[PDB]
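Presented below is the structure to which this report refers.
Chains: A, B, C, D, E and F, in written order; residue numbering restarts at 1 for each.
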Amino acid sequence: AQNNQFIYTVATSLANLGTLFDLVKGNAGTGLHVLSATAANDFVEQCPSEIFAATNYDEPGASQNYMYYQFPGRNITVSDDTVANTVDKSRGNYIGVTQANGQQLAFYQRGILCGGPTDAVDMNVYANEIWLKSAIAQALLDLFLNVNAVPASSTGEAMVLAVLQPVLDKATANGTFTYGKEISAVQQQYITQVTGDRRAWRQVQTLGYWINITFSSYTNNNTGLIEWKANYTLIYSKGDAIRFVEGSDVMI
Amino acid sequence: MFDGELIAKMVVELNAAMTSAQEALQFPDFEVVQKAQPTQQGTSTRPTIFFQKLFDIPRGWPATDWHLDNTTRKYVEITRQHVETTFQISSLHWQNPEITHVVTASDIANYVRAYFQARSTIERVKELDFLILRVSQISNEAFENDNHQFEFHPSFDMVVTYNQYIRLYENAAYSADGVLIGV
Amino acid sequence: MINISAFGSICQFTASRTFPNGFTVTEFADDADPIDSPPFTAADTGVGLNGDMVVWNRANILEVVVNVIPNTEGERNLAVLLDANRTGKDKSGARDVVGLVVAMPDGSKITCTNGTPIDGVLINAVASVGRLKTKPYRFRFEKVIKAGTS
Amino acid sequence: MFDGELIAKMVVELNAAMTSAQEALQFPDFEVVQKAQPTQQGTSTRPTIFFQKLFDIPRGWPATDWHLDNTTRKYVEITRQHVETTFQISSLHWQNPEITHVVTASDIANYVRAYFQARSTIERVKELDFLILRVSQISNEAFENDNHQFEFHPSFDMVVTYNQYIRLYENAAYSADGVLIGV
Amino acid sequence: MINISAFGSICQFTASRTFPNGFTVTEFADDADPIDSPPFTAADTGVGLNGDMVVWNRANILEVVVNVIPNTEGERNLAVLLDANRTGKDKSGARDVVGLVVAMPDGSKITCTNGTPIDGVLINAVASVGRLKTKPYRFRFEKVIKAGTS
Amino acid sequence: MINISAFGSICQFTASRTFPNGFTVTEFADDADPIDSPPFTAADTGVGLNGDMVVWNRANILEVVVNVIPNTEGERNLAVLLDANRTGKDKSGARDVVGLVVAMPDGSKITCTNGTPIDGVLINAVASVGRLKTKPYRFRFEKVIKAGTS
């Protein structure tokens, strides 16, 4: 219900996954992870907790796909193909194992959170949404501490947008946004009908975002005076990252 | 909103210029009046300076500064418009052939112009909330007064620059809720 | 509102180093153009031997010229920003990034970013009669974005 | 189609400007009237604002949008023309020498101009389907009223820009019958 | 109909990527030229020593300049097309081919194909009084074809 | 005081060698601009391949053009300074530093230091009717400082 500002974690061992998934499927984004039923010398859920606190979100080169990491000092909770697939379809990040011409690798396989209807459904993407809300709220807080209240006519939108926009420049030159994308019929209609004009889906198709602030009048619990408040809508462009490669070596 | 206070300040400055003009060159008394007199009243024999408003040209777009009242949480917007008004400053003083210390209406108008273009009067007028631009001509024209004689009615245009403030109300806001939607 | 008026405009500026959460410019000039932009290039064509046109999409950066009434709060802030960014002798210039948002009265908003000042007069020039000459300022931004309609 | 709707909206805005100008500076009542009165009607002693239409300048070529009625298969063409009308807005308020809270007709005209050029009134007028261009001059001139006194009649031109739509009919088509001839 | 007027003109645009089955622009400017074209070259001559003129038929591509009334539907489509074709930082420009058909009222139709945008203003410039200055857009087309007489 | 007048301006000049504790110029020209300044550069931009805007903060020196009324005390002192600074045959030029302070009436004062004369007329030109033509002088200063508001 908070939606914003948080990714939260659930520690459960194996064979609790079906019931836990049934209870918690959906509900924005939560990290369910398979615990090794043998021991607990790994803090398991610390896998999202660590990477999230190492991105630094100010130098170009953010986003990490949250899947192919190499966590050491951790226990292999899943080591069989059928076990790995049965853990999957019920979310679950199983920090498995494989082999490739020798060696053993490690991996923090899968970074789907739970989501499913419309949510970010990916720790990388949800992580970027978290820090976008963080940076934007901080910028607005500094704007308002600097000068209190914005003239809510057409210049208030100017200060709000002008303070928000360096955050968007950081986002573009951080890897969170995406230059390209091929917004199609469903996404075209959705972008058109949320708030944006007919020709806003073009901008997301070429730049990466569409941000606009309006102002709304609302009444609070005790304030008889009808207060006014800002409303910024910003269209995230998501961004894909490959996790599987398929080859077709011919003629031997 | 400002024209009346400007008219009072112009009257004070013009009377000061007349007191100075009584020192260098001499006149029998003086009077300073607005030309378009709102009631029937005659012209005065004594050497006079007349003034009148001619145009009013705004300069630049209005500048809006927003000020919180802090009480009702209302932004009082202050629209300041820069303004150049134009004043037709003229003089009237009949010339007596018999007298020897002749001082024509041209002298009075020229002394008013030169007084109002001096730097000290500029700085004083600045301390009185406006300032004065250049006067590029003083036209001395002739006419027939009510006694069928010939008189000169010199006049020039003085540009005076100042500001007029407009106070209006606008609604404030101390929050921001967003929708981070994805594609 | 497809209306052609722009009276009601405003120019929000933000400099990362000089004016974080910056100022308002609303006192534009009356004789010169308040907001002007030289024409973008965005492409370049060359004709071959048999008529094959070759189209090159040259990367380019847009430009804005803002004319303001001098010795004014928004104008003083602009001159402060330019003097901070300019480089002279014995002074230190802060290489910052400026962002300009125009909210035209019809509702549409234009925001330009990753820019820097490109000119300025730096001295209040006096015209012939005695009026101050309107001061122009030129910025070259990297990214431009249109938001909001009517 | 936009003479009457604009005239009514301008009357509402002008009356609003008079109510605001009654707050800062004071007048005994006010009226807002159209200068060319279609019936014999006197000028009013109370401080008044007059307004009148002067020109009507189309701006740019007409823009035509084709709209299907979907019933009779007729393309209704909508020819929208952009128009800048020009309103001569004047004021009239006799000046009483005895009173001390003097406020000339120049004040009333100037406050109307400055109110109608402020940003909040621009936004409100935009919400009322038109907009206001710059006013570059306010001309305070003098004349003799019907009591053989002197009065000022300041006036200025305000450009109001709007749209007006024309609906006409055209035939539709849902076919393509080409003739592919060989050289 | 050998008349000299052009009131009633229409500009159908088709972009292969941005506006397939595109739009119509009918809201041309009133002060600047609605449709303008720089003079074609089509040849170039050089005189010999004894007087032999030598003619080269240099291949060339034609140009069009369309002025539109600012912030308007057809123009908004045009600026969308130009933004799709322009190239800057962190944006992807679609390399498309545009085609422009003028159907002037007298009946004749001029169609140009295999073109691209060549300029633009990208910001609604504001004139002195407050009117938005008319926005020109320039294209360079490969093939021109005239169809229809009267 | 945010007005647009400048009547009452004064040019206090100081030359290190020629006019230590120098003169004042108040009789500026009426037709030409009394004080003028060409637009500063203060930066210069280029664009990479993929759109990376690139800024250089080029150092630069500002310029002033003062027009003065012919054959007056201020301009005579100015011509004395320029003739001292100019270099010709058999004469010795004094390489000095000059400083110009403009105190516009509204209160603000702009002071420019480490400069030198850059032009002049040296002969009182005569116009058509017989009026002497207004004499312009140009200086290029190193350091400009703005002091005082209202």
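Please note the rule applied: a contact is a pair of C-beta atoms (placed from the backbone, for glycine too) under 8 Å apart; a residue touches a chain by one contact, two chains touch by 3 or more.
Participant: Copy of C-F's interface among E-F or C-E, judged by over half the contact pairs being the same?
Facilitator: Most of the contact pairs in C-F are shared with C-E.
Participant: Going by C-alpha centres, which chain is most central here?
Facilitator: Nearest to the common C-alpha centre lies chain C.
Participant: If I rank D-E and E-F by number of C-beta contact pairs, which comes first?
Facilitator: Result: the pair with more contacts is D-E.
Participant: What whole-number Å value describes the gap between the mean CA coordinates of chain B and chain F?
Facilitator: Taking the mean C-alpha position of each chain, the two centres sit 32 Å apart.
Participant: Using CA atom averages as chain centres, what separation in Å is found between chain B and chain C?
Facilitator: 37
Participant: So the centre of each chain is just the mean of its C-alpha atoms; given that, what is the distance between chain A and chain E in Å?
Facilitator: The separation of the two C-alpha centroids amounts to 44 Å.
Participant: Using mean CA coordinates as chain centres, what's the gap between chain A and chain D in Å?
Facilitator: 52
Participant: Give me the residue numbers in chain A that touch at least two other chains, ranges are fine.
Facilitator: In chain A, the residues touching two or more other chains are 153-155, 172, 199, 203, 207.
Participant: Which chain D residues touch at least two other chains?
Facilitator: Counting only residues that touch two or more other chains, chain D contributes 59-60, 63, 82, 117, 119-120, 123, 133-134, 136.
Participant: Pull out every residue in chain E that's touching 2 or more other chains.
Facilitator: 69, 72-73, 76, 87-91, 93, 130-131
Participant: Between which chains is there touch?
Facilitator: Contacting pairs: A-B, A-C, A-D, A-E, B-C, B-D, B-F, C-D, C-E, C-F, D-E, E-F.
Participant: In the complex of these two chains, what residues of chain E are touching chain F?
Facilitator: Checking each residue of chain E against chain F gives 87-91.
Participant: Can you list the chain B residues touching chain F in their complex?
Facilitator: 59-60, 63, 80, 82, 84, 117, 119, 122-123, 126, 129-134, 136, 161-163
Participant: Residues of chain C touching chain D in their complex?
Facilitator: 1-5, 7-8, 10, 26, 30, 105-107
Participant: How about chain B: which of its residues touch chain A in the complex?
Facilitator: Chain B residues touching chain A: 64, 66, 68, 72-73, 75, 77, 170-183.
Participant: What does chain E use to touch chain D in their complex?
Facilitator: Touch list, chain E to chain D: 7, 26-30, 34, 69, 72-74, 129-131, 134.
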